[PDB]
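no sequence on this one, just coordinates:
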């Protein structure tokens, strides 16, 4: 019945990293910001590194893309992102305005979809960002269904954090800020079926919001907002101009929820946490197994697996029943898991606090850069990442690590999907004959299997024969491509990952 302390502390470490610039903090900064002993910080971060959730760069701890599988689990179980993001993106393109979807997250709102347009003059937010409810238009719509304990949690946060400093995504509440009149706005929002934001975040930023109702329960599933700027609409004018269109888009979203096919849970999972035993053997005191096991519990949830019993959680992870129970109860204390109907457990939007907002903006070259550097050191040659240039017949480097026509390079022949490359899975090209420059490249595919970039190793031919370069370099090149594709796969499940 006791909380799993290393799981709570690991959650706190991830939270501090998520709030830090670049998702990076030194080990000393983690000591200061968490208050944890240095020995504890060392063990927790080493355990997170083994899971691929952080990367260790000297004295720095950096959030890593595979951590997004935690937020992915909530987004997949929620279903709303997969079902409604296409229509939300389409509305943003149609209006040339920002469109977002948000869910209630205790005293705040958290975004499950973001599509910004003509947003240069205003603050913008990411998937997973948390805003104070009373400073948004979705806020009153969620509060209209709040219980007495919801209002108590809101009041407690209001007194404890008068300046909104626990919401670093928005500017702090300035001295002499007017009252938001939240409970009255919530009552009006229930009556109106819509809500307006007149520059509650910052000057110039205006929004109009409409709730998307779950067809099963009739309660609010999420809230869709159209976000504009006062140079184009005052808050009253934004309502008069675009509320009818938003109501039509919400009506279609509710039709899509009503017509959604049954969720696909995939094959039955088993032993998701069983790998930790071997890691504990190999790493000893530096690996904290209860943290690794505890976070793995979150990955048992997903599409078609949104509400699980203790028995199902234990079966999916391979954990002993009492061990799974302590992890779940610890997650409940941290607010990452909530009880659900039928003695089940479900993920909360608070799971997105574990690194998702900053990681959602990671580009493919940013994913590949540390792996390019590692590959360059393993073979003591230069390694690069590239895509096709605008002409489609030249290559464009997007990331490099050291130690013209596309058809004349190994990278380009990969990117052009030429016959030999498609058969062998790589291309070796002696690209500069008088200088003796040789290169070998492999493709990089996204989660759909589409080739989106190419990775190469470049070196001087010297005496090293072509069979020698292939025998020695290609296995390392394929390993690096595997690591990049895996992180690209996880990051790209619910986020658009740029290739440049």
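Sure, I can see it. Numbering: from 1, shown residues only.

only C-alpha atoms for contact and neighbour calcs from this point on.
Noted.

show me what contacts residue 403?
376-377, 380-382 (CA atoms under 8 Å, 6 or more residues apart in numbering).

measure residue 361 to residue 65 for me?
According to CA to CA, to the nearest Å, residue 361 and residue 65 sit 10 Å apart.

when the two are compared, which one has more neighbours?
Set residue 361 next to residue 65 and count neighbours by other CA atoms under 10 Å: residue 65 wins out with 27 against 16.

the more buried one contacts residue 359, doesn't it?
Yes. Assessed by CA atoms under 8 Å, residue 65 is found in contact with residue 359 at 6.2 Å.

neighbour-wise, which one of the contacts of residue 403 leads?
Ranking the contacts of residue 403 using other CA under 10 Å puts residue 376 first, with 22 neighbours.

with adjacent residues omitted, what lies nearest to residue 219?
Setting aside the residues directly before and after it, residue 219 is nearest to residue 213 in space (CA to CA, 6 or more residues apart in numbering), at 5.4 Å.

before we move on, what about residue 71?
residue 352 (4.7 Å).

the one you found: how many residues sit nearby?
So residue 352, with other CA under 10 Å, has 27 neighbours.

same question, the one 4 residues further on
For residue 356, the number of neighbouring residues by other CA under 10 Å comes to 25.

distance of it from residue 68?
6 Å.

how about the helices of the stretch 201-350 of the chain, start to end?
235-258, 276-283, 289-298, 310-317, 321-333 (DSSP state H, counting those that start in this stretch).

now the last one: buried residues?
Read that as helix 321-333. 323-332 (16 or more other CA atoms under 10 Å).

how about stretch 412-430?
412-416, 421, 426-430.

so which of those residues is the closest to residue 318?
Nearest to residue 318 out of those is residue 426 (CA to CA; 38.8 Å).

pairing partners for the particular helix or strand that has residue 383 in it, with directions?
Following DSSP states H and E, one finds residue 383 within strand 382-388. Strand pairing for strand 382-388, determined by DSSP bridges: strand 395-401 (antiparallel), strand 451-460 (antiparallel).

reformat those as a markdown table; add mean neighbour count.
Converted to a markdown table, these look like this (neighbours: other CA atoms under 10 Å):
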| stretch | mean neighbour count |
| --- | --- |
| strand 395-401 | 19 |
| strand 451-460 | 23 |
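
can you check which helix is longest in this protein?
helix 466-491 (DSSP state H).

from the middle of its chain, how far away would that helix be?
Put simply, helix 466-491 sits 24 Å off its chain's centre (CA atoms, centre = their mean, to the nearest Å).

and stretch 55-68, by the same measure?
Centroid separation for stretch 55-68 versus its chain: 14 Å, with CA atoms, centre = their mean.

ok, and what's touching that stretch?
The contact list for stretch 55-68 (CA under 8 Å, 6+ apart) reads 14, 17-18, 22-27, 45, 49, 52-54, 354-356, 359-360, 362, 367, 487-488, 490-491.

between the two ends of it, how far is it?
Span of stretch 55-68 from end to end, CA to CA: 14 Å.

report the buried residues of it.
55-56, 61-68.

farthest pair in those?
Going by CA to CA, the pair spanning those furthest: 56 and 68, at 17.2 Å.

which stretches of the stretch 301-450 of the chain form strands?
Applying DSSP state E, counting those that start in this stretch to the stretch 301-450 of the chain gives strands spanning 307-308, 337-340, 344-347, 382-388, 395-401, 427-432, 437-445.

columns distance to residue 140 on top of those strands, output as JSON lines?
Below are the strands of the stretch 301-450 of the chain laid out as JSON lines (distance: least, CA to CA, whole Å):
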{"stretch": "strand 307-308", "distance to residue 140": "27"}
{"stretch": "strand 337-340", "distance to residue 140": "22"}
{"stretch": "strand 344-347", "distance to residue 140": "23"}
{"stretch": "strand 382-388", "distance to residue 140": "46"}
{"stretch": "strand 395-401", "distance to residue 140": "44"}
{"stretch": "strand 427-432", "distance to residue 140": "58"}
{"stretch": "strand 437-445", "distance to residue 140": "43"}
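
noted, bye for now.
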